[PDB]
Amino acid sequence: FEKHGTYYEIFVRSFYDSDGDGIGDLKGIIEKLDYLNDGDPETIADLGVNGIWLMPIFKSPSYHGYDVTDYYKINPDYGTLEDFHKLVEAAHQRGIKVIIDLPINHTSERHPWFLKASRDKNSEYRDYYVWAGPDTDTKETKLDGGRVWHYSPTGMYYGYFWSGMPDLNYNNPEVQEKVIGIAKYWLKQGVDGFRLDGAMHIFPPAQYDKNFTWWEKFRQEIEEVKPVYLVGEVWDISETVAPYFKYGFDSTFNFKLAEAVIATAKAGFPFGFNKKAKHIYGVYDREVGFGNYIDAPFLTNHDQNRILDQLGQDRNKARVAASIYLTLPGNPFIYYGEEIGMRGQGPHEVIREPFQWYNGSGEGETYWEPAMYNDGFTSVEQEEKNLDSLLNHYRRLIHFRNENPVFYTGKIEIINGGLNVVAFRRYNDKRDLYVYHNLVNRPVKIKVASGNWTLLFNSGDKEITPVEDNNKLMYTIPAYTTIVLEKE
């Protein structure tokens, strides 16, 4: 069970519509699988990703699905269980692992369990949720609203995010059993793992360690079915994220490093990235140990303003940002649309706009909401016209990564590549690669000690030939370009 690979995050509703109702669905993903990975490592006609993560696919009243009403039923909007099985089979045929979002931290207020527990204090499901006693304080800020305690005819219940999302009571052994059963069910349907929210607010501050006890039990029990891949979201500093690598998770999303990559690509100076990367990998190596964690680097996801927007809609800077994280250790995660330069900021609905397949309209393109910001802005059709497009840039980076696995499992050492360059070595006992990323709109020069060096990768379409003088090999890197050298 190979856990290393580049992942692609898909919002089913916005990917591909196979039956003409404007809503993206599972059969649609099947129809477009070759775009992600055609199963042939010899071609670069596909992105080359080896895993896909589907945002919530269970029954739910919302367009996003994070508030589940039935964990054993596929949202009709996305298709059927049969479609899901055909997708898992088609993906495996191509070497693509499939993981799905598992919203088990809370349920929808419309979930039967809650409806029953909320309409009878003596209900059999009463203890599936958390019911108040003292203080209905309410801590506030963030982006949503406020209050963690809410009214419900038979008492007030706990709901960290929103009254529509009551939190499940993990202090109840039955809740833990039920959720594990749900996970096992989907694994038996063919899934390879899950994407999970690691923070569980039902545990009072005094029971923080119960979080790790829970995830360890969860992983141990579900792997009784088969080996799995688990990636968790823990939106906090690296010191807080680190232990999760030890108690059940293979990977965790590197939010802090994402912020640094974005800031550095925007500014054109490597300081921020250099300092943050050294700190974070240092924390992970100290608390977990190199080789005992699979980081999940990324730029932006389904809850954040798209990378292009964060870079002032500068496609060149977005290109550099892509080269940087796609050459980092671990399993990189690509947010759908990122590879063709989609834009979107503000409302989560905008960030989750329909994926653009065509310049204009065409069969399969979703339209459940207006494509206000991307219609006519970018598309796969347009990106396919030139071998040096952003889409082809992503294809080249991912395939290069797959052809040189040291990028997944090797160590990393930040080095000084100059005032406007992010540089680092990716290495193991057999490969010693030097990676250089030009962050600005002008050529930059880098020098290495005279010796046996080989140019392995050039992200641009220009001829890059080094010159040797006074025992130093000098390379002039064109604007926003990345190169990889091998030292022997």
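Start at 1 with the first residue shown and count on from there.
Enquirer: Output the stretch having the higher mean C-alpha B factor in the entry; the candidates are 292-300 and 78-86.
Expert: Comparing 292-300 with 78-86, the higher average CA B-factor belongs to 78-86.
Enquirer: Quick one: higher average CA temperature factor, 217-225 or 131-139?
Expert: Averaged over C-alpha atoms, the B-factors run higher in 131-139.
Enquirer: Report the option among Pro112, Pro329, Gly364, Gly337 whose CA atom has the maximum B-factor in the deposited record.
Expert: Max CA B-factor in the entry, restricted to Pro112, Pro329, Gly364, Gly337: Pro112.
Enquirer: According to the deposited entry, which of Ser323, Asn316, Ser389, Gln356 has the largest Cα B-factor?
Expert: Max CA B-factor in the entry, restricted to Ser323, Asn316, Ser389, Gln356: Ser389.
Enquirer: Where does the C-alpha B-factor of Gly341 rank in its chain, lowest, middle or highest third?
Expert: As the PDB entry reports it, the C-alpha B-factor of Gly341 lands in the lowest third of its chain.
Enquirer: Check where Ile477 lands among this chain's C-alpha B-factors and tell me if it's the lowest, middle or highest third.
Expert: For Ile477, the deposited C-alpha B-factor lands in the middle third.
Enquirer: Grab the CA temperature factor for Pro466 from the record and place it in the lowest, middle or highest third of its chain.
Expert: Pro466: CA B-factor falls in the highest third of its chain.
Enquirer: By the record's CA B-factor, is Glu177 among the lowest, middle or highest third of residues in the chain?
Expert: As the PDB entry reports it, the C-alpha B-factor of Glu177 lands in the highest third of its chain.
Enquirer: Compared with the other modelled residues in the chain, in which third is the CA B-factor of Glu403?
Expert: Its C-alpha B-factor, which the entry lists for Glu403, ranks in the middle third among residues of this chain.
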